[PDB]
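Here the entry's author numbering is used: position 183 in the sequence shown is 183, and no number is missing along the way.
Note that CB positions come from ideal geometry on N, CA and C, so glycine has one too.
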Amino acid sequence: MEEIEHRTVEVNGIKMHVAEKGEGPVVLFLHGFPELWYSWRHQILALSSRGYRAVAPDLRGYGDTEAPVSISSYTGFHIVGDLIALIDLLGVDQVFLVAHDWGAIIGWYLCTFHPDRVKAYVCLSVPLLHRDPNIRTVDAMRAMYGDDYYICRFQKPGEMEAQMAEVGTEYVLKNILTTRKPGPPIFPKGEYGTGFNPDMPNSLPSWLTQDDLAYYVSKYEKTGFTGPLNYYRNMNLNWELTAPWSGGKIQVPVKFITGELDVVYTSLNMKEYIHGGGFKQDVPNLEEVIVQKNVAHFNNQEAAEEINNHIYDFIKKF
Numbered sequence: 001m002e003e004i005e006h007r008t009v010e011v012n013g014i015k016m017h018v019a020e021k022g023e024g025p026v027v028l029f030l031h032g033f034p035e036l037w038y039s040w041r042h043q044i045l046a047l048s049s050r051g052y053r054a055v056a057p058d059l060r061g062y063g064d065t066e067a068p069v070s071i072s073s074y075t076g077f078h079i080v081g082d083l084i085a086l087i088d089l090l091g092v093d094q095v096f097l098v099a100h101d102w103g104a105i106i107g108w109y110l111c112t113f114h115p116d117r118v119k120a121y122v123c124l125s126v127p128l129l130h131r132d133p134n135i136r137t138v139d140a141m142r143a144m145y146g147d148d149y150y151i152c153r154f155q156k157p158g159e160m161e162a163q164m165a166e167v168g169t170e171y172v173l174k175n176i177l178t179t180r181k182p183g184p185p186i187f188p189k190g191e192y193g194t195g196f197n198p199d200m201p202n203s204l205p206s207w208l209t210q211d212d213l214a215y216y217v218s219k220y221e222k223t224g225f226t227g228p229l230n231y232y233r234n235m236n237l238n239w240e241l242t243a244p245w246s247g248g249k250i251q252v253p254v255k256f257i258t259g260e261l262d263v264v265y266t267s268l269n270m271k272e273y274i275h276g277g278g279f280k281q282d283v284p285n286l287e288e289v290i291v292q293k294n295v296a297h298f299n300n301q302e303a304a305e306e307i308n309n310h311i312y313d314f315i316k317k318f
């Protein structure tokens, strides 16, 4: 923490907050929603101390990174645009890629567009989102879960933001971070209500301190949720624009790790796609899929030591 180097760089026409520490081959960490570079704090410290350069930016729209006003500035191509530029500033041809949640979707795009720039990828929580030629990404989710499914409810501009404002930034972050309930998050109509977690504990689980939460709150109370929400608002547009890669394989070496209670793992027929055969069919060099028992979505924080070592062992093979 105290030794972690923070700085602001210019990549792809925006100003991006970059956190880094260490020397060695680059391990680039991509966080998801609703997080920050801070989410990788344990991995940053860990791989730093084993002869790797830990780099964790705040993604476009997050934290101390610039947040463009237009919804259309948050397609996966913009984000990957930021990251390719960042990878050129670091000065390396290839990186090790570690990603989680939305960061992982971006990471998959990055492996789709520049497999050559990624040595090996440790993917947490979200596996490859297979592109179904027959139906768009959010169309498929609405059809399966209806209009109150969280991602459908994230679509209309300004609406989820207003609902989150009513219950409060702190409640939303605590609500989401502390969730352990499996299955598709379906909201109450017209409000946030209990959102993702109808069972919020009085105390934070032991993997999350009151200071940790306060850092998330400090950033989100200022940036708001619009930038991060705009990523979901480009899911159908991402699907339209990725037609050139329909039916394509990803040859990059991957290690996939999920908590067993992750809403992702336990919705959208992901468990079938992951273990059944579709994931490997799409990702020929997918290695050992790892399910962490009694761990939910935020596994890099909840199972930090296990994750730290799973990352090292996989990257060392190369």
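Under 8 Å by Cβ, that's how I've got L241 and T75 pegged, so tell me the actual separation to the nearest angstrom.
Reading the sequence shown from its first residue, position 241 is the one you call residue 241. Reading the sequence shown from its first residue, position 75 is the one you call residue 75. Rounded to whole angstroms, the Cβ separation of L241 and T75 is 7 Å, and the two are in contact under 8 Å.
When the Cβ atoms of the region 59 to 68 are set against those of the region 85 to 95, are three or more pairs found closer than 8 Å?
Too few Cβ pairs lie closer than 8 Å, so no.
Where does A120 sit, in a helix, a strand or coil, going by DSSP?
Here residue 120 refers to the residue found at position 120 when the sequence shown is read from its first residue. Shown here, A120 sits in a strand according to DSSP, grouped into three states.
Counting C-beta neighbours from all protein chains within 10 Å, is the total for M144 16 or more, i.e. buried, or is it exposed?
Your numbering for residue 144 matches position 144 in the sequence shown. Taking all protein chains shown into account, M144 has fewer than 16 neighbouring C-beta atoms within 10 Å of its C-beta and is therefore exposed.
Beta-carbon spacing of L59, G107 below 7 Å:
Numbered from 1 along the sequence shown, position 59 holds the residue referred to as residue 59. Numbered from 1 along the sequence shown, position 107 holds the residue referred to as residue 107. No, Cβ-Cβ distance for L59 and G107 is not below 7 Å.
Any chance you could list the beta strand (DSSP E) runs of at least 3 consecutive residues sitting entirely within the region 40 to 70, in chain order?
As for any beta strand (DSSP E) of minimum length 3 sitting wholly inside the region 40 to 70, the runs are 53 to 57, ordered along the chain.
Exposed or buried, what is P228 when buried is set at 16 or more other beta-carbons lying within 10 Å of its beta-carbon?
Along the sequence shown, one-based indexing puts residue 228 at 228. Flag for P228 reads buried.
Apart from the five residues on each side of it in sequence, which residues of its chain come closer than 8 Å, Cβ to Cβ, to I176?
Counted from its first residue, the sequence shown places residue 176 at position 176. Short of 8 Å from the beta carbon of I176, and not among the five residues preceding or following it, lie these beta carbons of its own chain, in chain order: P34, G195, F196 and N197.
How would you label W245, buried or exposed, when you count the other beta carbons within 10 angstroms and need 16 or more for buried?
The residue given as residue 245 occupies position 245 in the sequence shown. Taking a 10 Å sphere around the C-beta of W245, we find fewer than 16 other C-beta atoms and assign the residue as exposed.
Would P133 and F256 be called neighbours here (beta carbons separated by less than 7 Å)?
Translated into positions along the sequence shown, residue 133 becomes position 133. Translated into positions along the sequence shown, residue 256 becomes position 256. It is not a contact, given that the beta carbons lie outside the stated cut-off.
Given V118, which residues of its chain have a CB within under 7 Å of its CB, disregarding the five upstream and five downstream residues?
As a position in the sequence shown, residue 118 is number 118, starting the count at 1. Its chain contains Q94, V95, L97, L110, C111 and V252 as the residues whose beta carbon lies nearer than 7 Å to that of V118, once the 5 sequence neighbours on both sides are disregarded; these appear in chain order.
Closest Cβ-Cβ distance between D212 and chain D: below 7 Å?
No chain D appears in the structure shown, which is made up of a single protein chain.
In terms of alpha-carbon separation, which member of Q292, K219, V295 and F279 lies closest to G61?
Taking the first residue of the sequence shown as 1, we reach residue 61 at position 61. Nearest option by C-alpha distance: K219.
Does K317 pass the burial test, meaning 16 or more other C-beta atoms within 10 Å, or should it be called exposed?
As a position in the sequence shown, residue 317 is number 317, starting the count at 1. Looking at its Cβ environment, which holds fewer than 16 other Cβ atoms inside 10 Å, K317 is exposed.
Who are the Cβ neighbours of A46 in its own chain at under 6 Å, not counting the five residues just before and after it?
Stepping through the sequence shown from its first residue, residue 46 is reached at position 46. Excluding residues within five positions, the ones whose Cβ falls inside 6 Å are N308.
What do you reckon, is the C-beta of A214 under 6 Å from a heavy atom of the ligand NAP?
Of the ligands one can find in the structure shown there are none, so the ligand NAP has no counterpart to examine.
Where does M16 fall in DSSP's three states?
Against the sequence shown, residue 16 aligns to sequence position 16. DSSP places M16 in strand when its eight states are reduced to three.
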